[PDB]
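Peer 1: First the structure, then my questions, so here it is.
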Amino acid sequence: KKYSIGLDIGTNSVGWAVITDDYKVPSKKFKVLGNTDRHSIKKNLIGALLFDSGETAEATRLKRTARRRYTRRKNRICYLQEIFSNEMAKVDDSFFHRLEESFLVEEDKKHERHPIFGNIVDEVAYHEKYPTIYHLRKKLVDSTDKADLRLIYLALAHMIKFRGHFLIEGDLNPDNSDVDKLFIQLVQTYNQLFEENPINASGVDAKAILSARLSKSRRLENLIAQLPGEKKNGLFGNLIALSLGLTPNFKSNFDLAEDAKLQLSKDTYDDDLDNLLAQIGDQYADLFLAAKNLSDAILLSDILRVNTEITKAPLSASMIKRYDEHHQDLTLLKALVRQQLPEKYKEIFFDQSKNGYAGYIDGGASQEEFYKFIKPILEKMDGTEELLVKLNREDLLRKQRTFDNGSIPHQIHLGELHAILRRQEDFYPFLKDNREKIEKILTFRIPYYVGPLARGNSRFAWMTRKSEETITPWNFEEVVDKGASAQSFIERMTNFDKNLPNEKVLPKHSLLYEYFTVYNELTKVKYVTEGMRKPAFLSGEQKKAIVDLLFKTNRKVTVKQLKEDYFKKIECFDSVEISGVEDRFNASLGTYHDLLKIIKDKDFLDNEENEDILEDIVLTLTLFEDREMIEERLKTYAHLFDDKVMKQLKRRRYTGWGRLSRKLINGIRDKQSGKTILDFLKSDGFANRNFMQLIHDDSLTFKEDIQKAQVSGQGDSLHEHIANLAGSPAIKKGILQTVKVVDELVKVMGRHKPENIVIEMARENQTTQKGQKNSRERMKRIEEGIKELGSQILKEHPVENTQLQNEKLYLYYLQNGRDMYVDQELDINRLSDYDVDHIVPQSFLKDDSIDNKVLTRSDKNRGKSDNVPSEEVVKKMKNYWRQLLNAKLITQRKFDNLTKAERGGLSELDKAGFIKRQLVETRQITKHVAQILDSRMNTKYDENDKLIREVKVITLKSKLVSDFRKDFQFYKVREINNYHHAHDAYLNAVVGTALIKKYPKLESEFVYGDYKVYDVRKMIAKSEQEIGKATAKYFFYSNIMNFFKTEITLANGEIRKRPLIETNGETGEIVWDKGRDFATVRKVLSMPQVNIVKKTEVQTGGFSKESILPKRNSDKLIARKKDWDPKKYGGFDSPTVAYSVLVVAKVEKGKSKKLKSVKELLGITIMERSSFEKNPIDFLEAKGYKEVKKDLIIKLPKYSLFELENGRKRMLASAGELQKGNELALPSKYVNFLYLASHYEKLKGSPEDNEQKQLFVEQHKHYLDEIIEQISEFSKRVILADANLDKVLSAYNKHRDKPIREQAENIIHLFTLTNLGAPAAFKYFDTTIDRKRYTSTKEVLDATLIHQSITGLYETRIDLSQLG
Amino acid sequence: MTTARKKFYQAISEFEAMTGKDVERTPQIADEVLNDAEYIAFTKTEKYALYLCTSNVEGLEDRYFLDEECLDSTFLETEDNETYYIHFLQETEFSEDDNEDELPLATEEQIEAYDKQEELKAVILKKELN
RNA sequence: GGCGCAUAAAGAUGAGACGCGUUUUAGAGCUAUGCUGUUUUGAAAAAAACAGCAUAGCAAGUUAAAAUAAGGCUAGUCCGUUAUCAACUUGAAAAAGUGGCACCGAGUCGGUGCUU
């Protein structure tokens, strides 16, 4: 028999549904394998699969970069030890052998205790002579005397392990060192970016004012006192506050809605910077770059301050002075505590655990926690000056190694290393001719493009070699190849396009991509002058004239500038309004003006023959970052250049890419024209279409030419098939699992291929309550309603703007306090009898938006047709509707919808756009999973080359299945069970097949496949109701789901009867039998036994918790290295178990060591997993077990089903964890009542529907005292948690007289007592009771185990009672 | 941005959305405490009542076993001068193998503390992350 | 599902440098009192601490070295947290193969018929 398959796709879950023609899902007897007694099972053939969310792969990249940075650092130490390897055996032999042994206990250490200087006495003289290493190197830089060799070594091994940042480039100079030139640079870029109402700081000079010794949160007021500017929250001032660590906002500043926090100290600066930058536009972007640059400069002036004896030690001689202001200003504070407070001295300095000075060094604290703790104590003290003024400026009791010395340019370290080798070169022979090598291994920043220096054993590296020996930074140039590695670089991390593969996408601001974006916006802009009487868009030559006459002038151009520099100048057009471009252009020709400034030539950038030259200069700028390789690739174009731009053009960077390559834009041409995408989008003619509409087109050749090459050549592997998709890795894991369960699911149903397979996915409900989203733009419209109307409605009743989530008052206040039907007013408190109507009825669309819904008093005010309302209602309000469109209260679309008295009503193109507006499904993941699942099961051939399309792929939205769910009382709420995955998929089959069986002809737009161009403009009748299932048109009512309606209903009261048992309109076959549909559908959604399975996994991941903890006598610690026994050195605890093993063995129990028989679980961590599977029996003998039966070693991963008495299912997450497995057979009337009662004001349908649900809940109040005892016997069978259950029964008894809506919401929160997974603690009315975790794993050992298959249909049951 | 860093930042973002918004200078906590944290709780007082659960571990039923052991109790400050205390927590992986010790038992000071904590409801948004 | 100006965005993957943080050891702790061995004109004693412990008061208090997932072989200035996975029968691995169909019903699936 024929059958059909339906698929819900998600992150956590995937639902598989198998229906016949008659919609009764099958039910088959399957075979059981193993040694149990139930030799046959009888299972339904419908189910879901849920599983852990597919995690991304960013944490692994982070850990890999950390591992390689540590290995590079240790080998820099290895090189510098090897350069002293001769002459350090001259001084003291085992010295490097003791710096390697600086970590173990003195007892098993095989040398003396003191690392440096050997003995006891010289070490103490070293500490009380040199207090710290910064004092050490600040001494021996200015030291004519000869130093000790190991002393210079330990000054230098500290020197190369802490190197700073390479974010600055070149060497330091006062154009980049001090804040003077940088502040001049930022005021220059601000003055250049606005070029209007500017600010100039030539008088006031922040080279010392901004560099002063004060508080930053007072220093910005100092600077705004010096330079007037705008305000303390002005944009210049907010950017200066961004330059000093403060976090301003810009919503009062940009004239934008949302706030904008920015700081440099967070890890997520760039991900929020581009997030705000996409909201505001890119025209500010480089300015913020200078802001960060300026910020780093002042942090430079935070660390190095002494400029008097600043020669040869700018870093180390500075903060030793900070050590001095730490030392005496410690003693002062002690000399201020005991004199006035003898108590709270033992809890400050002998404390160790309470955020005091004892915890600030010897324990866990920070600068800021300690400052907050000594704020109330030291602020209370009577005589304490020069401490509060030092506390607000963050410079008291402050260590050397901050979290804010991550702003050290490495040239400071390199300069003092240069000095530290100059002042020793006169003495030592070996050191005189290796200073080049030492400075080289300091400054060696291994570049981006040269990759991991591998020798082919990589998985990630690509660099090639011009020789074969050991790579050193001594000789990095003449070993690795530059140009070949760069050529392998650019083609590897290029990004192919999903719109056209095998091509390198263009950069984010190429000239061609900019022309693409400006000609994708300007092909949908319309102008109105006096005389056309209907709005019209531009022509091609007008587009050429405006891009040659306004875009080349200014970066951003407003519509005012457009109409006053183009229509007035050469067009002589005066009374013009423009509807298309709103106020400004979000697309900008930024790099056009940039490179115009760089080259200072107007002919060259405007000449159309240098296009690949300019775009690959931009490409090599945006791809490479270091200063060396960036220049010789410009030496290819050194002929045109003038040797002054070399220090200018190599400065600008870019980041990020565009969307599409060059071979898709200026590439393929039309078969009947010979023009490209760009060629039409500047020269098209009158039909001013769009680019995405050109993708949305069917008749043109370009979309077909796209899907020519969207398939690959030879068919790849399925992992290689999913390898070039998009989205999260979670949905990729879901797609691979759904292909696996389809390809296994064909196997179980007689190995016949299916007929109709259905797919969809939907997720991501994270709107965050929408409380400020209305008052930002939508409700904010009435704030510019004051700009036009003047009626301050809130002036008579100030009503809050965060509880507008109720739709009736929302649509009232979005209606000017008026009606769009008759000239009247409304009562705010009597809105219950006032009725919500629709601009288009429920027999043409389905939407619940402000574009659709309006609010009024009487339905007779609308009109007496299913079409648009009457001509007087639009023409008597044609004045005011221009105001509330002009005040942006409603959108353009619904205003154009009511004014269809000009256009007659429902036009043929209009009803075509509605009939296919629902079914254009334009999410790329749907089309790609359609392609993947098409190419697997549909491959047989015939006498010609074309494909026998055996199995029809089909793709429906969630809107149709949500509507079939809602209107026919088939409700669901997610928190009851996890059946609402699987049942959801079932409806996706039904609305699937009953649309294709009823519409055979119009499947040619949402099957993936080559079909005809047969449109819908001649498929809907332009007249009255045609013949029932005998006419030429497909339908008349533009809502597709009127087919499922038993009896339609519109606002005219025309209760029109579509026939009872519907039959398809051209072939005569019943598709949808009313007497045997909803009985069958309500029976199948009320079925108790659905196969949901949690699939097994082996827990890959970390060895243990990533926090090594101090020593203790507990033996369950995991060592750091091999010989570091954790009863002395401590370390890792709580290992992650990958999979347990069931082992039968014997133990050496008793004093006589007698081998008693045992059968137990044993956890296996990932630490010895490979050590397990290389030889299991030897490792198990090493664990302390004998008589290992190798056949009986039962592998048992995470999430494995155990079944035992009375159907109790428990599933095993670790060695000492269990999770509840069973679920509820909760029938259809209970779930329908719980959703309908728990949303007593949350349905928004009909007032008759409102009285029906009200009388329904008031007559079916009898349900909440049978749900409770169902849960009682259920949880008494499958949970056996008696105490909390009796607690919640009494707590239910205590709220018996509670109202209905709150009690229904609390009972659906009560349902999470009995889901799957780990048990949780739930918010009840008041009595939040404790979760009850299972750890007693003894009962698992004598139960039955189910190794189930992937869909849960196939299975095998193994037994553990007789397992011996 | 680790697997728990940016979701910690949206955690304190929706904390600032629940109450007075003027937050400033989130605490730079290390990765070692963030990548092994099960629940981020927010509250008003520095003394955090920790939760509890029962079991069925070979008899000893209807006793109280604490689960969420504190490993980091830092604070964040808002504008102006209102102190909220962040708490990171770890689930206790206690098995059925001990000498009836180091499995965390009741010691009913925390029981009375949880009674006062539930009665006063000083707990703010407590959500799971990893 | 929010398709939200009716569009539909773009998505993941990979290279480099930090700066932290954590943990042991090294930075001879001092004074006074009370417990543990020995010395001594000696009979255990008479008592000197050289060392160890506890209890009170004082002194400083910042910095280093090592490691930063156990380690592995392919010995590299490489690699080890993601995608990959039910059993069973083959196969080193890859990959392949391993399960009867209707009907009446429904408390996690049951019952009946026909049949290799």
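Going through the structure tokens in order, the chains are called A, B, and so on, while each chain numbers its residues from 1 and the ligands are numbered from 1 in the order shown.
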Kindly provide, as a list in words, the residues of chain A having any atom no farther than 8 Å from an atom of chain B, counting only C-alpha atoms.

Peer 2: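 Per the criterion, chain A yields residues 58, 59, 62, 247, 266, 267, 268, 369, 1105, 1106, 1107, 1134, 1215, 1216, 1217, 1283, 1330, 1331, 1332, 1333, 1334, 1335, 1336 and 1337 of chain A.
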
Peer 1: Can I get the selected residues back with N, CA and C atoms, as a compact mmCIF listing (two decimals), in the first residue's frame?

Peer 2:
```
# COMPACT_ATOMS: atom_id res chain seq x y z
N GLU A 58 33.19 26.22 19.18
CA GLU A 58 34.01 27.37 19.52
C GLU A 58 34.87 27.12 20.75
N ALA A 59 34.36 26.34 21.71
CA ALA A 59 35.13 26.02 22.91
C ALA A 59 36.36 25.19 22.58
N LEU A 62 38.96 27.49 21.21
CA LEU A 62 39.58 28.26 22.28
C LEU A 62 40.61 27.43 23.04
N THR A 247 31.18 53.52 30.60
CA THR A 247 30.18 52.88 29.74
C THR A 247 29.02 53.84 29.52
N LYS A 266 35.50 44.21 28.70
CA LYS A 266 34.80 42.96 28.47
C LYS A 266 35.45 42.19 27.33
N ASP A 267 35.24 40.88 27.34
CA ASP A 267 35.71 40.03 26.25
C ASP A 267 34.88 40.22 24.99
N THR A 268 33.65 40.69 25.13
CA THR A 268 32.68 40.76 24.04
C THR A 268 32.55 42.16 23.47
N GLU A 369 36.93 43.87 44.89
CA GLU A 369 36.28 43.30 46.07
C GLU A 369 36.90 43.84 47.35
N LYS A 1105 36.45 18.44 35.99
CA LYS A 1105 36.06 19.83 36.16
C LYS A 1105 37.28 20.73 36.07
N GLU A 1106 37.16 21.80 35.29
CA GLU A 1106 38.30 22.66 34.97
C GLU A 1106 38.57 23.63 36.11
N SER A 1107 38.91 23.10 37.29
CA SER A 1107 39.27 23.93 38.44
C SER A 1107 40.06 23.06 39.40
N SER A 1134 36.21 15.07 40.38
CA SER A 1134 34.95 14.78 39.70
C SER A 1134 35.15 14.50 38.21
N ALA A 1215 27.17 6.77 36.76
CA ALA A 1215 27.23 5.62 37.66
C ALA A 1215 26.28 5.78 38.84
N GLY A 1216 25.98 7.01 39.22
CA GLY A 1216 25.12 7.23 40.37
C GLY A 1216 24.00 8.19 40.07
N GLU A 1217 23.48 8.13 38.85
CA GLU A 1217 22.39 9.00 38.45
C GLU A 1217 21.34 8.14 37.77
N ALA A 1283 6.69 11.30 49.72
CA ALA A 1283 6.62 12.44 50.63
C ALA A 1283 6.21 13.71 49.91
N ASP A 1330 11.03 20.26 47.31
CA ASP A 1330 12.36 19.87 46.88
C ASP A 1330 12.29 18.74 45.85
N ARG A 1331 13.21 18.81 44.89
CA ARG A 1331 13.43 17.73 43.93
C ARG A 1331 13.90 16.47 44.64
N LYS A 1332 13.69 15.33 44.00
CA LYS A 1332 14.03 14.04 44.58
C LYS A 1332 14.90 13.29 43.59
N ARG A 1333 16.22 13.44 43.72
CA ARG A 1333 17.12 12.77 42.80
C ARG A 1333 17.34 11.33 43.22
N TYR A 1334 17.55 10.47 42.23
CA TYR A 1334 17.84 9.07 42.48
C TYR A 1334 19.33 8.83 42.37
N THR A 1335 19.91 8.20 43.38
CA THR A 1335 21.31 7.80 43.27
C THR A 1335 21.44 6.33 43.64
N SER A 1336 20.37 5.75 44.17
CA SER A 1336 20.42 4.37 44.62
C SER A 1336 20.43 3.43 43.43
N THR A 1337 21.61 3.17 42.88
CA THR A 1337 21.72 2.41 41.65
C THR A 1337 21.69 0.90 41.86
```

Peer 1: Mind listing the strand (DSSP E) residues of chain B, per DSSP on the backbone, as number ranges by chain?

Peer 2: B: 39-43, 69-72, 75-78, 82-90, 127-128

Peer 1: Store the residues picked out above, limited to C-alpha atoms, as a compact mmCIF listing (two decimals), in the first residue's frame.

Peer 2:
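Generated output (part-v4.txt):
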```
# COMPACT_ATOMS: atom_id res chain seq x y z
CA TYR B 39 23.33 27.57 38.26
CA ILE B 40 23.86 31.33 38.47
CA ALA B 41 21.78 32.69 41.34
CA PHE B 42 21.25 36.35 42.16
CA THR B 43 20.21 37.73 45.54
CA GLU B 69 27.87 23.74 46.64
CA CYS B 70 29.16 27.29 46.32
CA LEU B 71 32.50 27.80 44.57
CA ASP B 72 32.33 31.52 43.73
CA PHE B 75 29.24 40.76 43.82
CA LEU B 76 28.22 43.30 41.19
CA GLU B 77 27.37 46.95 41.76
CA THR B 78 24.69 49.06 40.09
CA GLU B 82 22.82 49.02 45.63
CA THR B 83 24.65 45.73 46.11
CA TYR B 84 23.64 42.46 44.47
CA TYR B 85 25.55 39.25 45.11
CA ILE B 86 26.26 36.79 42.29
CA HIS B 87 26.55 33.11 43.16
CA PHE B 88 27.90 30.32 41.01
CA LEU B 89 26.98 26.78 41.93
CA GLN B 90 27.92 23.18 41.19
CA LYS B 127 18.64 29.63 35.80
CA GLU B 128 20.72 26.73 34.55
```

Peer 1: Compute the set of chain A residues within 6 Å of chain C, using only C-alpha atoms (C1' of nucleotides), and express it as JSON, numbers by chain.

Peer 2: {"A": [31, 57, 60, 99, 102, 103, 114, 132, 165, 399, 403, 406, 448, 451, 454, 726, 727, 893, 1089, 1101, 1102, 1129, 1347, 1348, 1349]}

Peer 1: Produce a file of the selected residues containing C-alpha atoms, as a PDB file, in the first residue's frame.

Peer 2:
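Below is the file part-v7.pdb, written as the result:
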```pdb
ATOM      1  CA  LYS A  31      10.371  -9.223  16.827  1.00  0.00           C
ATOM      2  CA  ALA A  57      32.695  24.139  18.049  1.00  0.00           C
ATOM      3  CA  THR A  60      37.395  23.513  21.195  1.00  0.00           C
ATOM      4  CA  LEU A  99      64.507  25.334  37.789  1.00  0.00           C
ATOM      5  CA  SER A 102      60.691  24.024  41.250  1.00  0.00           C
ATOM      6  CA  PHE A 103      57.387  22.310  41.983  1.00  0.00           C
ATOM      7  CA  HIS A 114      66.690  26.776  47.116  1.00  0.00           C
ATOM      8  CA  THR A 132      61.183  41.639  43.123  1.00  0.00           C
ATOM      9  CA  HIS A 165      50.424  42.637  22.895  1.00  0.00           C
ATOM     10  CA  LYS A 399      49.720  44.743  43.024  1.00  0.00           C
ATOM     11  CA  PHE A 403      44.294  42.555  35.054  1.00  0.00           C
ATOM     12  CA  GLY A 406      47.182  43.859  29.097  1.00  0.00           C
ATOM     13  CA  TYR A 448      48.554  34.630  10.596  1.00  0.00           C
ATOM     14  CA  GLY A 451      49.612  28.562   9.821  1.00  0.00           C
ATOM     15  CA  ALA A 454      53.449  21.207  10.882  1.00  0.00           C
ATOM     16  CA  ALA A 726      24.230  26.526   7.310  1.00  0.00           C
ATOM     17  CA  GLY A 727      22.645  27.185  10.683  1.00  0.00           C
ATOM     18  CA  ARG A 893       0.486  47.999   3.127  1.00  0.00           C
ATOM     19  CA  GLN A1089       1.651   4.488  23.339  1.00  0.00           C
ATOM     20  CA  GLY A1101      34.515  16.020  26.670  1.00  0.00           C
ATOM     21  CA  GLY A1102      36.755  17.162  29.455  1.00  0.00           C
ATOM     22  CA  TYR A1129      50.019  18.381  45.251  1.00  0.00           C
ATOM     23  CA  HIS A1347      19.304  -1.648  23.636  1.00  0.00           C
ATOM     24  CA  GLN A1348      16.875   0.152  21.383  1.00  0.00           C
ATOM     25  CA  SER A1349      17.438   1.176  17.778  1.00  0.00           C
TER      26      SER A1349
END
```

Peer 1: Taking only C-alpha atoms (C1' of nucleotides) into account, which of B:124, B:101, B:15, B:30 comes nearest chain C?

Peer 2: B:30

Peer 1: Provide the atom CA of residue B:48 to atom CA of residue B:103 distance in Å, to one decimal place.

Peer 2: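 Computing it gives 20.5 Å between the two atoms.
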
Peer 1: To one decimal place in Å, what is the distance between atom CA of residue A:773 and atom CA of residue A:258?

Peer 2: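 Answer for the atom CA of residue A:773 to atom CA of residue A:258 separation: 9.1 Å.
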
Peer 1: Hey, can you check how far atom CA of residue A:810 sits from atom CA of residue A:1238?

Peer 2: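 Going from atom CA of residue A:810 over to atom CA of residue A:1238, I get 21.8 Å.
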
Peer 1: Pull the helix (DSSP H, G or I) assignments for chain B out of DSSP run on the backbone, and list those residues as JSON, numbers by chain.

Peer 2: {"B": [5, 6, 7, 8, 9, 10, 11, 12, 13, 14, 15, 16, 17, 18, 31, 32, 33, 34, 109, 110, 111, 112, 113, 114, 115, 116, 117, 118, 119, 120]}

Peer 1: Pick out the residues sitting within 9 Å of stretch 1000-1010 of chain A, and hand them over as number ranges by chain; count only C-alpha atoms (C1' of nucleotides), and ignore anything fewer than 5 positions along from it in its own chain.

Peer 2: A: 916, 919-921, 927, 930-931, 934, 949, 952-956, 995, 1015-1016, 1034, 1064, 1066

Peer 1: Please identify all polymer residues within 12 Å of residue B:107, counting only C-alpha atoms (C1' of nucleotides), omitting same-chain residues fewer than 2 positions from it, and present them as a PyMOL selection string.

Peer 2: chain B and resi 52+63-66+103-105+109-114

Peer 1: Dump N, CA and C atoms for the selected residues as a PDB file, in the first residue's frame?

Peer 2:
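Contents of again-v4.pdb, freshly written:
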```pdb
ATOM      1  N   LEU B  52      18.681  22.067  48.530  1.00  0.00           N
ATOM      2  CA  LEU B  52      18.657  20.765  49.176  1.00  0.00           C
ATOM      3  C   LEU B  52      17.712  19.860  48.407  1.00  0.00           C
ATOM      4  N   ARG B  63      15.608  12.380  54.745  1.00  0.00           N
ATOM      5  CA  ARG B  63      16.644  13.284  55.205  1.00  0.00           C
ATOM      6  C   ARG B  63      16.841  14.344  54.133  1.00  0.00           C
ATOM      7  N   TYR B  64      17.759  15.271  54.365  1.00  0.00           N
ATOM      8  CA  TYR B  64      17.946  16.400  53.467  1.00  0.00           C
ATOM      9  C   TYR B  64      19.395  16.462  53.023  1.00  0.00           C
ATOM     10  N   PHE B  65      19.620  16.406  51.717  1.00  0.00           N
ATOM     11  CA  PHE B  65      20.960  16.437  51.150  1.00  0.00           C
ATOM     12  C   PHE B  65      21.104  17.685  50.296  1.00  0.00           C
ATOM     13  N   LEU B  66      22.058  18.539  50.644  1.00  0.00           N
ATOM     14  CA  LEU B  66      22.291  19.718  49.834  1.00  0.00           C
ATOM     15  C   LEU B  66      22.994  19.327  48.538  1.00  0.00           C
ATOM     16  N   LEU B 103      29.167  12.492  51.690  1.00  0.00           N
ATOM     17  CA  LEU B 103      27.886  12.738  51.059  1.00  0.00           C
ATOM     18  C   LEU B 103      27.222  13.819  51.892  1.00  0.00           C
ATOM     19  N   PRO B 104      26.792  14.923  51.294  1.00  0.00           N
ATOM     20  CA  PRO B 104      26.411  16.090  52.096  1.00  0.00           C
ATOM     21  C   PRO B 104      25.088  15.883  52.817  1.00  0.00           C
ATOM     22  N   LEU B 105      25.165  15.820  54.139  1.00  0.00           N
ATOM     23  CA  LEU B 105      24.015  15.586  54.993  1.00  0.00           C
ATOM     24  C   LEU B 105      23.416  16.931  55.418  1.00  0.00           C
ATOM     25  N   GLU B 109      21.310  23.827  60.334  1.00  0.00           N
ATOM     26  CA  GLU B 109      21.493  25.266  60.152  1.00  0.00           C
ATOM     27  C   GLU B 109      21.085  25.701  58.748  1.00  0.00           C
ATOM     28  N   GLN B 110      21.486  24.935  57.729  1.00  0.00           N
ATOM     29  CA  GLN B 110      21.056  25.244  56.367  1.00  0.00           C
ATOM     30  C   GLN B 110      19.570  24.973  56.168  1.00  0.00           C
ATOM     31  N   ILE B 111      18.994  24.048  56.943  1.00  0.00           N
ATOM     32  CA  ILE B 111      17.561  23.778  56.833  1.00  0.00           C
ATOM     33  C   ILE B 111      16.755  24.978  57.310  1.00  0.00           C
ATOM     34  N   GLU B 112      17.118  25.520  58.474  1.00  0.00           N
ATOM     35  CA  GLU B 112      16.448  26.722  58.963  1.00  0.00           C
ATOM     36  C   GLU B 112      16.747  27.924  58.072  1.00  0.00           C
ATOM     37  N   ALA B 113      17.951  27.965  57.489  1.00  0.00           N
ATOM     38  CA  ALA B 113      18.290  29.029  56.551  1.00  0.00           C
ATOM     39  C   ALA B 113      17.432  28.957  55.297  1.00  0.00           C
ATOM     40  N   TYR B 114      17.180  27.747  54.794  1.00  0.00           N
ATOM     41  CA  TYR B 114      16.327  27.598  53.623  1.00  0.00           C
ATOM     42  C   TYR B 114      14.876  27.893  53.959  1.00  0.00           C
TER      43      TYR B 114
END
```

Peer 1: If you count only C-alpha atoms (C1' of nucleotides), which residues fall within 10 Å of residue A:644, apart from same-chain ones fewer than 3 positions away, as a list in words?

Peer 2: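 Contacts, in chain order: residues 598, 599, 641, 647, 648 and 649 of chain A.
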
Peer 1: What's the 12 Å shell around residue B:13, counting only C-alpha atoms (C1' of nucleotides), without same-chain residues fewer than 5 positions away, as a VMD selection string?

Peer 2: (chain A and resid 261 768) or (chain B and resid 6 to 8 18 to 24 26 125)
